[PDB]
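Participant: In the authors' numbering, the protein residues as written are 3 to 178.
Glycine is no exception: its CB is placed at the ideal position from the N, C-alpha and C atoms.
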Ligand SMILES: Nc1nc2c(ncn2[C@H]2C[C@H](O)[C@@H](COP(=O)(O)OP(=O)(O)OP(=O)(O)O)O2)c(=O)[nH]1
C-alpha cells in the first residue's frame, strides 16, 4: 500500500487521461498526441483514491507556478527496476542527492524515481536531470525518460500519480 506521500504535489489542478487518439500538438517541428486533459479543479483526496482504485487515471503537474520544480524525475520504462534503481541510487548519492523515492507506476517493472531536490528553476532542473541521465546511460542501456524536459510540450511534463513505494533513501552529509 501507500498513504499520502510528499512529492509536494500541486493540487490546484490535475490532468485526466482520456481515450484515443489524443489531440495533435506541434512543438519544435515535431508532432505530439496529447492523451491527457487538463482539469481546472482541485486534486482532492476523493480523486486520488479513485486513481489508486484504477477507476480514473490522473497526473499531477511537475511544473509549479513561476516555472519552478520541486523534484527531478527518472521515468523508468524497462523490465529490470532493481538493476535500474541500484545504479541510479549510486549515481545520485555521489552527485550529492541523498533524498529520493522510487514508486511503482501502471506497468509492472516501470517506476518513477523522484529526486527530492527542492524548488529549482525549470531550465536548471531540465539541464541537471539531463546531465544525470547522460551519466547514468554510460553504465546502463537507456530505458528511461527524464522530467522535466523541453523535449516535449510543457503540458507533457506531468506524472501519473504513483501507486506504491518501490524504494526510498534518505540521508544527510556534513564535511569541513
Ligand atoms: N500531457 C501528456 N502527458 C503524458 C502523455 N503520455 C504520457 N504522459 C506523461 C504522464 C506519464 O505519467 C508520464 C510518463 O509516461 P509513460 O508512458 O512512461 O507513462 P507512466 O510512467 O505513467 O506508466 P508506465 O510506464 O506505463 O508504468 O508522461 C500524453 O499523451 N500527454
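Is it the case that the CB of residue 138 approaches a heavy atom of ligand 1 more closely than 7 Å?
Facilitator: Result no, Cβ not under 7 Å from ligand 1.
Participant: With hydrogens ignored, establish whether the beta-carbon of residue 58 is closer than 7 Å to any heavy atom of ligand 1.
Facilitator: no
Participant: Please name the residue in 61, 20, 123, 89 whose C-alpha comes closest to that of residue 134.
Facilitator: 89
Participant: For the region 67-150, which segments carrying the alpha helix (DSSP H) assignment without a break, of at least 4 residues, lie completely within its bounds, in sequence order?
Facilitator: 83-96, 124-139
Participant: Within its chain, find whatever has a CB closer than 7 Å to the CB of residue 175; leave out the 5 residues flanking it on each side and keep chain order.
Facilitator: 100
Participant: Looking at the structure shown, is residue 65 part of a helix, part of a strand, or coil, going by DSSP?
Facilitator: coil
Participant: Count the other CB atoms within 10 Å of the CB of residue 107; is the residue buried (16 or more) or exposed (fewer)?
Facilitator: buried
Participant: Thinking C-beta only, is residue 132 closer than 8 Å to residue 148?
Facilitator: yes
Participant: Over the uninterrupted beta strand (DSSP E) stretch that includes residue 161, give me the two end residues.
Facilitator: 160-162
Participant: Once DSSP output is grouped into helix, strand and coil, what is the label at residue 10?
Facilitator: coil
Participant: Nearest to residue 72 by CA position, among 170, 28, 169, 126, is which residue?
Facilitator: Taking residue 72 as reference, the option from 170, 28, 169, 126 with the minimal CA-CA separation is 126.
Participant: Just reading off the beta strand (DSSP E) that residue 178 is part of, what are its end residues?
Facilitator: Note, residue 178: premise wrong, no beta strand (DSSP E); not H, not E.
Participant: Just checking my contact of residue 60 with residue 130 at CB under 8 Å: how many whole Å lie between their CB atoms?
Facilitator: Not a contact, Cβ separation roughly 27 Å.
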